[PDB]
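Just one chain is shown here, as structure tokens, and it is the form deposited in one PDB entry.
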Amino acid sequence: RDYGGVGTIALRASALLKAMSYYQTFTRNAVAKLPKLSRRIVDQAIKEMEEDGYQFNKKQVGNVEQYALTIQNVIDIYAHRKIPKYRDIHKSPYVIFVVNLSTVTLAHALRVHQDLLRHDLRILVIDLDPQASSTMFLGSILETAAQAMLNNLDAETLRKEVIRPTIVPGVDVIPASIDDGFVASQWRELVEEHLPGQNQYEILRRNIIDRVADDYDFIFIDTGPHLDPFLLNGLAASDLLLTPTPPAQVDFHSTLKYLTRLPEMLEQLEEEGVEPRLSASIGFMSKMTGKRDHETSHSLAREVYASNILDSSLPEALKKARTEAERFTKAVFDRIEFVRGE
């Protein structure tokens, strides 16, 4: 009956669908407390910089004029002080495959961090998760990552049309949709149509990542579990596996179950003729509390991840959480730099 009655709901829906279609400033003294800077450097940087244009941001507090430099003002002072940016040390595109069994939150943190601003970090968060969890950070969108890969777009198109800005200017995001799930269920088939002779597991690196390579210092990748064409494409273009491990006694079991399954994944990429770039890995507990079991699955974490485990775990709601999260970011950031070398 309603089998012929679901098409109705369908149509009603589709029809209805048609008709459907940030400010952190610092005080001088604050900027002075930042790395490689002091009240003498700042006061001199500002003086010199205004001596030939450039306008710093100022508050109207009290009655008088203030001085509330923005993340850009600070970055520009570091630039005037000729302090190399992250894009001056590393060749471009460090791709981080995030093992989510949030991501934009790390991107946002890394960006505005205290002792990281000197890096003028450029972060991209490509959302390949059907649920679009991340997508909820930046009207209605149109170009999902799954779609962009199939449309053989050009550098410019991804730039001024596909990539979307967020609440944090330095961090950009390529949105996902609930539609992409369907796209996956027919991935190979579509690749054979839209991307003749193309390797279904190298599209991500060729049609998006390599096309925006000279634009981002870091590029994160988000995907659900089960998914394969997306998961496979993700693993196939990333050089660092970032595995956040849950504290939950039960979630601890799952993540392990999941980990013990990567070899097979990485193998399929071998039979399809692709050669994973994966070359580093980071693991860590999430909000691990002062509870036996949760502190017990933590001790078991160091096991598997061995040396590859973090030395800090990502976490009363305010100064009690923020100070703890910041150190987590710094922790993740330093691992990359270390690993990036030897």
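Note that residue numbering begins at 1 and tracks the sequence as displayed. Throughout, rigid core stands for the largest set of C-alpha atoms superposing within 1.5 Å between the two forms.
There is another form of the same protein, the form deposited in another entry; it is not shown, and what comes next is about it.
Taking the core as reference between the shown form and the other one, the lone member of 199, 255, 133, 73 whose Cα moves by 2 Å or more is 133. Here residue 9 counts as shifted, since its C-alpha moves by at least 2 Å between the shown form and the other one after the core is aligned. CA of residue 133 to CA of residue 219: closer by 3 Å or more in the other entry than in the shown form. Between this form and the other one, the CA-CA gap for residue 133 and residue 215 narrows by 3 Å or more, being smaller in the other entry.
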